[PDB]
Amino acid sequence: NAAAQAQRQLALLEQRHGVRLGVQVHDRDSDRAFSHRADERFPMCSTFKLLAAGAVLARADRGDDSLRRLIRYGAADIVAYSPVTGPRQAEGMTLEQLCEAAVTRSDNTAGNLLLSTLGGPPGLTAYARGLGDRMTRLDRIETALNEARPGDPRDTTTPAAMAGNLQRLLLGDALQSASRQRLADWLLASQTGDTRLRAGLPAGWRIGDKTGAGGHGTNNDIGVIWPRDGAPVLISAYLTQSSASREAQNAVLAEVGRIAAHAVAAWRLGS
């Protein structure tokens, strides 16, 4: 069937690029799924920012925080790759501006500032447990969490666990409808994955995605695909142990996107 063909394609792709690849895809239209290593652990890298923004939105939903709250921070708090938070440091930024910077732009200081409102990495882990995710754990802050050492449990998820979180946050009831829309909008506005999953999608399809990259040849992309004419598709793609360049890694993820889009189309056509 289409799921078996997609799984064979992923196995061949993994072998020819010398990587360890973890993928979960779930098409909400046909309700069908396929996966590869979906129960194995992979380093999250910046993909944690999707969860962090979800946790902030959930707090806003229950009145435990406010998206309009102004957060002050110092030059001493700035870490690498902070294109939004760096220039705004003296004036501060609101919680919603920080969520947008973290999700849409992958701003690292923004991610750390979100974590600071959640009780740190332990707060994000607790949030994941509340979503029914028994695997994901965050232990470090940016950029330490990007080490991505094989075998290290810190700062890891599984493709299946993260796909479940995408479902609850974007498509289910973990967030109120308005907050669900905000998160989708921040993800759909991202460009950081233009050469990753999005590059493999048919014309007119959209993806709201969160990328990440780290040590040991780690490069990830997770999100929700909205096809041109179909219900949403959850996708979580984690790649690690590449010996190749970043551009080569990105092209592997683009091919995962093509494999996923073809399976969705095949389920639609009845192939």
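One rule holds for the numbers: they count along the sequence shown, beginning at 1.
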**157 to 165 or 178 to 186, whichever carries the higher mean Cα B-factor** = 178 to 186
**Message:** If you take the mean CA temperature factor per stretch, which one wins between 129 to 137 and 169 to 177?
**Reply:** 169 to 177
**Prompt:** Based on what the PDB entry reports, which of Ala101, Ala76, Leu114, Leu145 has the top C-alpha B-factor?
**Reply:** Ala76
**Message:** Lowest, middle or highest third: which one holds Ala110 when the chain's residues are ordered by CA B-factor from the entry?
**Reply:** lowest
**Message:** Split into thirds by Cα B-factor across the chain's modelled residues, where does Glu247 land: lowest, middle or highest?
**Reply:** highest
**Asked** Thinking about Cα B factors across the chain, which third does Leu201 belong to?
**Response** middle
**Prompt:** In terms of the chain's CA B-factor thirds, is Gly223 lowest, middle or highest?
**Reply:** lowest
**Request:** Could you tell me which third, lowest, middle or highest, the C-alpha B-factor of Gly54 occupies within its chain?
**Result:** middle
